[PDB]
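To begin, one chain is listed below as structure tokens, in the form deposited in one PDB entry.
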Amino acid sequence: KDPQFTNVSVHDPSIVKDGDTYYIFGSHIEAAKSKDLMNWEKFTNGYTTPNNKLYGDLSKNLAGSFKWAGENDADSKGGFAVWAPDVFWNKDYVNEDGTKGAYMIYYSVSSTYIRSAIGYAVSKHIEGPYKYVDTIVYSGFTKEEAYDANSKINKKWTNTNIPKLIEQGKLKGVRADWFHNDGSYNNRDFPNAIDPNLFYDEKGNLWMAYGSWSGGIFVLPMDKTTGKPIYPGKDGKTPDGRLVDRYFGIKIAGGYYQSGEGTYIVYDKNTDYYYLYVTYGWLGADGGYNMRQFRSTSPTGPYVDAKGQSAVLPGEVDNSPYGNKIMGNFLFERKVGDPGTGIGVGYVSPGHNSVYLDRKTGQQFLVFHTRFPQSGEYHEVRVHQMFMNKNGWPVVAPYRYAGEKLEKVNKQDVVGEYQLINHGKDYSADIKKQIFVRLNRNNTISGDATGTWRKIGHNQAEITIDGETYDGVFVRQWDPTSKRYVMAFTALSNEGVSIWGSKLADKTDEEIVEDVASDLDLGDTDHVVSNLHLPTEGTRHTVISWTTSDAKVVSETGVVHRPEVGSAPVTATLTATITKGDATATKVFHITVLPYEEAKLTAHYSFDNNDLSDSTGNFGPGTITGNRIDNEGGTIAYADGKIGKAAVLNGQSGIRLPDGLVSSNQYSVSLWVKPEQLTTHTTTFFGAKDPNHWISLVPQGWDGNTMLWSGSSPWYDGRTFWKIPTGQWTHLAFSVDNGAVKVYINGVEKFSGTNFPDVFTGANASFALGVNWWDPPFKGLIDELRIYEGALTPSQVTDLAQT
């Protein structure tokens, strides 16, 4: 572990270098710095105001733009939306004391998917504070007086700077295309005006590129002295038919509501290309955020990919095949017996890049955020080096930067066995994973694919696979999993498809097989109650073959059979037999499967005596709420029930149950509902230590089906995929045994899942019926609310669905 990292969360980072310091400015007024692109240190205070670091009094300072969006309005209601900034030292800028030189920050304020604007502020010193100057591109404005939900900002186009731009003849007047017919904004062809990128060209002229989804990316020339756009003035098309707009500029990528934002464009002189980066898809874990690359010889476009396809989309089409997919979801998955520990290094939804191009050395760096597998929306910044391949395309390193650099590489150090990921073009929540190949000394590639390779010169890599020639480089990289510097390669085909390779360490088949044994564990095989996951592959296509000493206890796949209540617990032996080549090893596990034990009835509110009593004796009676759990003022009638009399919930009332009704992680609930109507989220059985710690049995959940639901730290979706009938009785129940949760309907298991929260032990919880904190009370009758200490047996539940 020579190298050493120090992480931060900065979302949509724009890299910039002051003196010998690196700096990244992100959305939500986050910023951090580094000497090494490795250890980062945050120096902002987020949205704190005043004494906000970057702005001081955020609200007065930037009031120019909050008038239009980003402060306490529509989607920004209750806070601020200051997004996706870009910073750069502008030496030619004239400050307001008439001196020259200033760090400029362009930012986005947005209050809906379309009503946004770009503004900018200046400081003389990179760390701040920056001071408002002007708000300069707007989107989402209407033809006539219009307002958004939770806003009283006249959206009409006369609230924008456009009036004044026309006043100055910077425009001849309003374009009718900006509006649809109802007069709403034409975000099919015109941009959401966020995600600014400022760049210089071949001659050090300055441009702003911007846009996100909606009509796509435009670019505008900028006045180097005042930082204002030199607006086109006229509509038209460019020679290749791309849109030019008097105000928005020249469309250079995207279109027709399709994804694509986070634009960053870089002039490279060593090749004379304008490299355009843009990030496709949605930013969240399930959105498949992925970075794309094109290039143009002119800053103004046309920008095209490795296949010469336009960045600008022809219609409202899948954008998948456009641009070079240089990075998306991937995972060098640890299989059993791989060194290191845990799942392996991979990213999820990596995107919104910026790039730094060290002027003296040609060295290049991709800087971006990514989420990670099994981390949810948690995000850190990452930095991957990039190297100009032989076709004028920078190719992106597989691992984050760790001091490495381009090198004279010897052939022996390449030859070997690799992990190989292929990024493709497609993008979704799906994660791309490795195959195993080897690069043989006779310049062939064998294993999970077949083909050829060469190393030209010191480092240039040629790889050719079922006709596809990928061009890039070879280079050493830090592998956190093995904790070593490993040889590696990254390379682009003429489809604009990247493949990445990491070298595995030489290892005899004997060696591998013993490694796999050593890593093969099954956890607790002494108190076994549910099926065991028997892995069938180890590292490097190692076959793990499983036999059983008794398939009545457990199958070769790990299907267990719990003996009956009151039966002895049963034993058996599983034999892993691990094989690579002719090498083999053998690890055994002795298993014990436990019989069912009967869960034990602890409270029963039958309502059978026109009262709220617990016929077990164990608990005090229920008492009556209003429409919420912590209020009062309701009525409970007692109508005829599924079994004797039932409670009546009239939509206004609910029932409060003793705190600590449940107090374990080994418990169960049964009850019978006949619902008169169905309101989303409205609970039946509600249990809660507090409003971020609760469990709720819901007839029509967020998916519109019945479901057992738990939130907010963490959420957990017990989805039945089954819809309750009104005006009819339906028996419900659920088990919880230390982590394990099942849910039954009308006797039948509809959900089984795992890792369910322990919400009723380490304090004391409130409990209720039909009411909660937030949603309509329950309408109708609830019957035979039985509560148990133990996880109910499947047979016990079919007894319950019976009468």
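When you see a residue number, it is the position in the sequence shown, counting from 1. Under this definition, the rigid core comprises the largest set of C-alpha atoms superposing within 1.5 Å between the forms.
FYI, the form deposited in another entry isn't displayed, but the following is about it.
Just one of the listed positions, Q363, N150, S482, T623, moves its Cα by at least 2 Å between the shown form and the other one when the rigid core is held fixed, and it is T623. Relative to the superposed core, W393 shifts its CA atom by less than 2 Å between the shown form and the other one. After superposition on the rigid core, the Cα atom of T683 is displaced by 2 Å or more between the shown form and the other one. The Cα shift for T21 between the shown form and the other one, taken after rigid core superposition, is smaller than 2 angstroms.
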